[PDB]
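For reference, the structure is listed below as structure tokens.
Quick note: the coordinates plus some simple rules give every number you see, no bench work behind them. Here the Cβ positions follow ideal geometry from the backbone for every residue, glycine too, while neighbour counts run over all protein chains shown.
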Amino acid sequence: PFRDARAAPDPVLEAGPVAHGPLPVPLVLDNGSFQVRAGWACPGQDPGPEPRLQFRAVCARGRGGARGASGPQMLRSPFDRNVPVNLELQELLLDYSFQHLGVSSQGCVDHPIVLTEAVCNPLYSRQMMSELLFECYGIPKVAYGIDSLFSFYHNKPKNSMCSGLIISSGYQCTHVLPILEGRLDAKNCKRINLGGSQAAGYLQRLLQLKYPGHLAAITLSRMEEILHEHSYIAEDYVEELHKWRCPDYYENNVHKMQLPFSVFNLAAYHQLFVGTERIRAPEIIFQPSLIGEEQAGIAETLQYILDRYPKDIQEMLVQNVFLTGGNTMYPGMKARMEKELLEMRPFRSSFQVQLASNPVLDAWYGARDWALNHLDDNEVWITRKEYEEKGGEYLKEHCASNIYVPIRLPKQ
Amino acid sequence: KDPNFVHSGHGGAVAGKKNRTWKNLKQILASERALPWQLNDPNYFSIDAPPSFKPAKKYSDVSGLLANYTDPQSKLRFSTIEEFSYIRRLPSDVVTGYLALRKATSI
Amino acid sequence: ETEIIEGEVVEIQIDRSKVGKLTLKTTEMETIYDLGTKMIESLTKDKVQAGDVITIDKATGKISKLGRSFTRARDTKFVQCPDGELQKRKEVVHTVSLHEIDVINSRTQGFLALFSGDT
Amino acid sequence: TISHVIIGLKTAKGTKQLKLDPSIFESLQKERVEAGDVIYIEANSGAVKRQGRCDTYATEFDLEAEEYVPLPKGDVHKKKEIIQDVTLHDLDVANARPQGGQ
Amino acid sequence: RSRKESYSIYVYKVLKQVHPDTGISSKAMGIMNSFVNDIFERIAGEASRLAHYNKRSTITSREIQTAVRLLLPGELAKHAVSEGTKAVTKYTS
Amino acid sequence: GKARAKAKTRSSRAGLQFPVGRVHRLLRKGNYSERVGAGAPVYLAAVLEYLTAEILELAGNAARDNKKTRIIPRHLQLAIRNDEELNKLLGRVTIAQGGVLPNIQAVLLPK
Amino acid sequence: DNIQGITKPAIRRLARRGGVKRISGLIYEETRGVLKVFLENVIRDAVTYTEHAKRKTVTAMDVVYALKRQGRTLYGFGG
Ligand SMILES: Nc1ncnc2c1ncn2[C@@H]1O[C@H](COP(=O)(O)OP(=O)(O)O)[C@@H](O)[C@H]1O
């Protein structure tokens, strides 16, 4: 049987929250093309006390100006392939988050934020982000970062120089990130344009084409639900689909989906037999050829990036391979990744593949931990005054962040 | 009740007749390409995966199994006899939907 | 085990490496095929026209035509179109004499002396 | 012109590289072995046996004269200790008349 | 002087794609000119009339495609539709 | 102002041969509608390409069997009238100096 | 099967309007062919016009436009 979601959250509090400790209490605003994760830093305790505002990153204003439905409740999104591009909707989403976040005493900002950004950002869009952040809120200082790198920082034993590969899988894109001694090398770094949203759309299209009768009975919500629970990645795709060819055992492990009920009354309210689509959806990232778009795929991308390195430095970076993101939640992803890595590694070589404790939420935990240990570091954050002396597209070049190139954006 | 009441536009379409929200992502990248990027300078262009040199397998469009045949009448692929009967029994709507799913020479 | 492609050919098209395309047809299915360079020669050596029931060994490339179908007879063994799937995984049993094995290993082409008695 | 040829072997247990003298390269060229075939090599004897193209290229063409085999599930490098027996009469017969070399 | 204009140097240029060693007489050139501009006028007028019927201002790819569907009798219609769709798809990309 | 020297034509970008620019000009000047779309001339050129290719292929095939190396109106006439689709597309047209297809009714044939 | 809905007396009536005295008995089966073919062209256009307007209902003006393109004009139906 299907299940549904909820709504009407109560994320409120007093004017604001300060616990006994230090003067500054920064904010964590982990972004996301799918959903936004927020919550106060809460210094003084390593475990996350109470993350708040776990809502889909979808907003919609009233057609006639009645009200702005921005939180959980057509629809619009501020993101355009993992990079935000909407201005007004981004402002209203931020206003919703701040209003539920406890604006202290009047118009202004509370404390520095540790908002995260895509792996690579065009040097026009971070300018708009900074402008609509400062000139609309006036934060004293803001620091950027990457959610996957923050997750690895949280999962790393301690803050030190580390190297390896980071496998990120999100809503609109996936990334293979080579980090070297705690410094990301954004030169031979690659991404795959396909993500979980495209997989869900593919599964939707397949199920609509399989049952032309009730096309509107199933929607994006049910597709996401089944892709989130009734699916897994295969150790070897061709051999698995060959094994699921015999009829006696094909039905032994098939899943029944009971749609709304009141032919034996099982045509409109069918059972929606799925025994192959539960594997064709997860393997989209591994095999982009399943869609008309042609690309290398996760198996060949990291090969293309790994064969341009000398044998000496390959050993320790392969020794630390990490799986992060949203799509890295299907069971058996670790086995598939380690087998694919074993196929391409030397005969006697060694490797280690690690999966995060919470692949979707460790990004926020890592951002919180990084912000907790860098409040006093005045060389990392971007001061409010610096936005006028600096062109517009300035970065700190700190760890867990992008790379800065010397350039100025002409504009007037 | 709000952080600021003097919010100013950042290049909207209030005056002109352009997109109200912002410039398109394609336009954004086209404008960003005009920057004098250095030869070794990173950007948003040299971050996409290269095209695969490995031939791509063929899979049944109705059952997701290893295909070994085709069909000149519809230009699809199946695996067994019942798959052939089913695909012949299907109308043109599902056929063109399957063709457009994995995009082909047919729109 | 062997892979066998048996069926009636409908149309052959070879361009001017070379690109080839042909459509096989049994009584229960049809299938188009793109030919590699080797198959181009394997089909040009043994002139194959429309309405010919042919059997092909996939692992080798041998064309063994059985006859022509009645459909194209209008305008030399007349065989009907085959039945079942075009591609069959056939299990083949084979027995060989022990003296046969001994004779094969004697010369460069030891099987020749097994008929003429030259061994 | 030619001194040695570097070849790369790969199975579903690892990958290795080998250096071949021109004799072994000639043996490979005689077997009509190109890039993407499953090869068997014995270092002691210099034997070269092509076991067919790998299955991953099976989709390269719809009809190809070649036969395709799966990627081997085993070690690229195999070591064994073998003990060989040979009688004198074998040596006499082998060296008595010009060995066929065919 | 005068740009009398014509497709003479176009249909002839098409000829080499089908028969690389065939010539055209002047009268045949005039015949092909008349044929091509006649078909042009027919298709353009049909698309116009259809757009006016649907109270529209612009004659687009789909309107002229429907005009071709109306005017071309049989398999020529669907084959020309495929040819035009391929041409426009290659033009856009 | 600087512009590209010897810019590529729209016909070459479309992969066709008939002039897309001339077709667009004719559409705009023919007063078929006040505004003319972008892809319409490309589609029309493609259709004209298909028709010309078909008729010329048939005309050349007809002329080859007459042991002649040049297309004349007679070959075009033989090409059109021998194909049912082109015959019904060109039912009400007269080809100058093209003659008539040779056919004799069974009744009028001796014996 | 509905072409047989064009009964024999209906064909007789249609013939009688034309001004013919005697009707062969095998005429009907061929005449039903002509009704079968002449009607297979206007619908070809009538649906197609309908399919241009993104709508799936055959209005009374589409048939008029089809008959006009074919060369048979009729009055009284919004022509
Ligand atoms: N528990 C889960 N099981 C399966 N897929 C998930 C799960 N959680 C998230 N996803 C997938 O991950 C995607 C969201 O990725 P996300 O973490 O938002 O990346 P980012 O934060 O970079 O946008 C969604 O498309 C969703 O399909």
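With +1 on each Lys and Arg Cβ and -1 on each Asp and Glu Cβ, how big is the dipole of chain A about its Cα centre, in debye rounded to the nearest 20?
Working: 40 positive and 47 negative charges, 137 e Å.
Taking the Cα centre of chain A as origin, the dipole is about 660 debye.
What does the charge add up to near D:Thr15, with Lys and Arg as +1, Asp and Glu as -1, over the other residues with Cβ less than 10 Å from its Cβ?
Details: positive: A:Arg345, D:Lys10, D:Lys13, D:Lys16; negative: A:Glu343.
My count for the surroundings of D:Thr15 gives +3.
Can you return the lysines within cross-link range of C:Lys65? Criterion is Cα-Cα under 19 Å, with same-chain partners fewer than 8 residues away left out.
Partners within reach: C:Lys21, C:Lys25, C:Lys38, C:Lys45, C:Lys47, C:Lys77, C:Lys88, C:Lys90.
Restricting to bridges with both residues inside the protein assembly as shown, how much of the DSSP beta-bridge set is antiparallel, in percent to the nearest 5?
DSSP beta bridges in the protein assembly as shown are roughly 75 percent antiparallel.
In which sequence would A:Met333, A:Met74 go, from the one with the fewest C-beta neighbours within 10 Å to the one with the most? Let's see the in-between values first.
Details: A:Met333 21, A:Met74 3.
Ranking A:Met333, A:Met74 by Cβ neighbours within 10 Å, fewest first, gives A:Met74, A:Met333.
Quote the relative contact order of chain G in percent (integer), defining contacts as alpha-carbon pairs under 8 Å separated by 6+ residues.
Relative contact order of chain G: 20 percent.
Could you compute the longest span of chain E free of trypsin sites (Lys or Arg not before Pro) located in DSSP loops and having at most 14 other Cβ atoms within 10 Å, not counting the site residues?
E:5-54
Please quote Rg/Rh for the protein assembly as shown to two decimal places, taking the Kirkwood radius as Rh and restricting both calculations to Cα atoms.
A ratio of 1.02.
Add +1 for every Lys or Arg and -1 for every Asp or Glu among the other residues with Cβ under 13 Å from the Cβ of A:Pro43, and state the total.
Once positives and negatives cancel, what remains is -2.
For segment A:5-93, report the convex hull volume of the alpha-carbon atoms normalised per residue, in Å³, without decimals. Numbers along the way, then the final one.
Working: hull volume 13.5 nm³, N = 89.
Residue-normalised Cα hull volume stands at 151 Å³.
Just tell me how shielded F:84-96 is by partners: mean number of partner chain Cβ atoms within 10 Å of each residue's Cβ, no decimals. List each step's numbers first, then the result.
Numbers: counts 2, 6, 2, 1, 3, 7, 3, 1, 0, 4, 0, 5, 4.
Taking all residues of F:84-96 together, the mean is 3.
To one decimal place, what orientation-averaged projected area in nm² is obtained for the convex hull of the Cα set of segment B:25-97?
For segment B:25-97, averaging the hull's shadow over all directions gives 8.5 nm².
With only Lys, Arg, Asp and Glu charged, each at its Cβ (+1 for the first two, -1 for the last two), find how big the charge dipole of chain G is about the Cα centre; round to the nearest 20 debye.
Around 380 debye, computed over chain G.
Quick one: pull the percentage of alpha-carbon pairs in segment C:2-92 with a separation above 17 Å.
47 percent
List the chymotrypsin sites (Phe, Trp or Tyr not before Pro) within segment B:1-76 that DSSP assigns to loop and that have no more than 11 neighbouring Cβ atoms inside 10 Å.
B:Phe5, B:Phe53
How high is the FRET efficiency between C:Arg72 and F:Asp65 when r is their beta carbon distance and R₀ equals 22 Å, given to the nearest 0.05?
The calculated FRET efficiency here is 0.35.
Which helices, taking whole DSSP H runs in chain E, have alpha carbons extending 24 angstrom or more along the helix axis plus mean Kyte-Doolittle at least -1.0?
Values: long enough: E:26-53 (40 Å, 0.00); E:75-92 (26 Å, -0.49).
Membrane-span-like by this rule: E:26-53, E:75-92.
Set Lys and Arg Cβ to +1 and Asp and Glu Cβ to -1, take the dipole of the protein assembly as shown about its Cα centre, and tell me which of A:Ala5, F:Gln105, C:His94 lies farthest positive.
So the residue we want is F:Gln105.
Hey, any idea what Rg/Rh is for segment A:26-164, computing Rh the Kirkwood way over Cα pairs?
Rg divided by Rh gives 0.97.
Throw me the Rg/Rh for segment A:103-176, computed over C-alpha atoms with Kirkwood Rh, two decimals.
1.05
Could you state the orientation-averaged shadow area of the convex hull built on the Cα atoms of segment D:1-94, in nm² to one decimal?
Values: hull surface 37.1 nm².
Taking a quarter of the hull surface, the average projection is 9.3 nm².
Quantify how strongly other chains surround peptide F:52-58 by giving the mean number of their Cβ atoms within 10 Å of each of its Cβ atoms. Could the numbers behind the result be given before it?
Values: counts 10, 6, 4, 6, 11, 6, 1.
Mean shielding count: 6.
Of E:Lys27/F:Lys8; A:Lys311/A:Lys396; A:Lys243/B:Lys57; B:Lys75/E:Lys13; A:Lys190/B:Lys54, which pairs sit farther than 27 Å apart, going by alpha carbon to alpha carbon?
E:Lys27/F:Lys8; A:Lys311/A:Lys396; B:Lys75/E:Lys13
Whole number please: convex hull volume per residue, Cα atoms of segment A:333-401, in Å³.
Dividing the Cα hull volume of segment A:333-401 by its residue count gives 169 Å³.
Pairs of Cα atoms under 8 Å, at least six residues apart: use those to get the relative contact order of chain E, whole percent.
Relative contact order, chain E: 17 percent.
Can you give the percent of C-alpha pairs in chain E whose distance is more than 24 Å?
38 percent
Residues with beta-carbon under 14 Å from that of E:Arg62, excluding E:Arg62: net charge, scoring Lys, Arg +1 and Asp, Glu -1?
Details: positive: E:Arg56, E:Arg69, G:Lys54; negative: E:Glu46, E:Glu63, G:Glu51.
Charge balance near E:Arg62 sits at 0.
At a 10 Å Cβ-Cβ cut-off, how would you order D:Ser3, A:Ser401, C:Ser97, fewest neighbours first?
D:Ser3, C:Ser97, A:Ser401
Using only Cα atoms, locate the centre of segment B:84-107 and the centre of segment C:70-99, then give the distance between them in Å, rounded to an integer.
Using only Cα atoms to place each centre, the spacing works out to 32 Å.
Which value results when the Cα radius of gyration for chain F is divided by 2.2 N^0.38 Å? Kindly include the intermediate steps, with their values, before the conclusion.
Numbers: Rg = 20.5 Å, N = 111, 2.2 N^0.38 = 13.2 Å.
Its radius of gyration relative to the 2.2 N^0.38 Å reference: 1.55.
Straight-line reach only, C-alpha to C-alpha below 25 angstrom: list the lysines that G:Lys68 could link to, leaving out same-chain residues fewer than 8 apart.
Filter leaves E:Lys55, E:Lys78, F:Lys88, G:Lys36, G:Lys54, G:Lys56.
If one puts a single equal scatterer on every Cα of segment A:168-214 and applies the Debye formula without solvent, what log₁₀ I(q)/I(0) results at q = 0.16, 0.19, 0.21, 0.30 Å⁻¹?
Each listed q maps to, in turn, -0.58, -0.68, -0.74, -0.99.
Could you run the Karplus curve 6.51 cos²θ - 1.76 cosθ + 1.60 with θ = phi - 60° over segment D:31-41 and give me ³J(HN,Hα) per residue in whole Hz, x for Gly and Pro?
6, 6, 9, 10, 6, x, 10, 8, 10, 10, 10
What FRET efficiency comes out for the pair B:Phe53/B:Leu29, r = Cβ-Cβ distance, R0 = 22 Å, nearest 0.05?
After rounding to 0.05, the efficiency reads 0.25.
What number, in nm² with one decimal, is the all-direction average of the projected area of the convex hull of the alpha-carbon atoms of chain G?
Average of the hull's projected areas for chain G equals 6.8 nm².
Over its Cα atoms, what ratio of radius of gyration to 2.2 N^0.38 Å does chain A give?
1.06
Based on other C-beta atoms within 10 Å, arrange B:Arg33, G:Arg22 from fewest to most.
By the 10 Å Cβ count, ascending, the order reads G:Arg22, B:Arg33.
Take every residue in peptide A:120-128, count the Cβ atoms of other chains within 10 Å of its Cβ, and give the average of those counts.
Average per residue, whole number: 5.
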